[PDB]
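Comments concern the structure below.
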Amino acid sequence: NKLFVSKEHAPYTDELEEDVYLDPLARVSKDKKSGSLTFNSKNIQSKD
Amino acid sequence: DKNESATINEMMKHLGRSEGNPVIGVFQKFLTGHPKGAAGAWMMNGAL
C-alpha cells in the first residue's frame, strides 16, 4: 500500500529555491548522502 | 504584498536592472477591492 508516497521536501532547499528558479539549465543529481534527487549549488549557474 | 514585492525585486535584480531605477508599483485593489477571477483583467485595463 505505497504506490503513492507524498514528498516531504522540494528538490531544492529554501536557500537555493530562487537560484534554481533563475537558472534554466539547473538540473537535479543523486545526493550521495541521502540517495534522493536534489539540486546541488555545484550545478547551478555552472559553466559545465 | 511581501511575497510579490520580493519576487518582482528578484526578477529585476537577476536581469541586472540598473541600481536606482526601481519599478513603480500600482496597487489598484486599494480603490476596487479584490474581485477574485476578474482581479487581473481590471489590472490589465489599468496597465493599458
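Each value in this text was obtained by applying a stated rule to the coordinates, not by laboratory testing. With ideal geometry, Cβ positions are generated from the backbone for all residues, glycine too; neighbour counts draw on all protein chains shown.
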Worksheet item: If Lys and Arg each add +1 and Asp and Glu each add -1, what is the summed charge of the other residues whose beta carbon sits under 13 Å from the beta carbon of A:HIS9?
Response: -4
Response to the item:
Close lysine pairs (the protein assembly as shown; alpha-carbon distance under 25 Å; 8 or more apart or on separate chains) counted at 18
Fill in: Peptide-level mean, for A:39-45, of C-beta atoms on other protein chains within 10 Å
0
Worksheet item: When you take every Cα atom in the protein assembly as shown, what is the radius of gyration, and what is Dmax, the widest Cα pair distance, in Å?
Response: 19.3, 57
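When the dipole is taken about the Cα centre of chain A, and only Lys, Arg (+1) and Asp, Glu (-1) are charged at their Cβ, what size is it in debye, to the nearest 20?
Values: 8 positive and 9 negative charges, 90 e Å.
Approximately 440 debye in magnitude.
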Discussion item. Positive end of the dipole of chain B, charges at C-beta (+1 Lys, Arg; -1 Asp, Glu), about the Cα centre: which of B:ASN21, B:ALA47, B:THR32 has its Cα farthest in that direction?
Written reply: B:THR32
Discussion item. Which of the three applies to chain A, rounded, prolate or oblate, going by the alpha-carbon gyration tensor with a ≥ b ≥ c and a/c under 1.5 meaning rounded?
Written reply: prolate
Worksheet entry | Rg ratio (alpha-carbon, reference 2.2 N^0.38 Å) - chain B | 1.35
Fill in: Within chain B: Cβ-based charge dipole about Cα centre, in debye rounded to nearest 20 (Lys, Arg +1; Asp, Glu -1)
120
Item to complete: Specify which residue in the list A:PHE4, A:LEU25, A:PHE39 is farthest towards the positive end of the charge dipole of chain A, using unit charges on the beta carbon of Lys, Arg (+1) and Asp, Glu (-1), about the Cα centre.
Response: A:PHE4
Discussion item. Using the Cα centre of the protein assembly as shown as the reference point, and only Cβ charges (+1 on K/R, -1 on D/E), how large is the resulting charge dipole? Debye, rounded to the nearest 20.
Written reply: 360
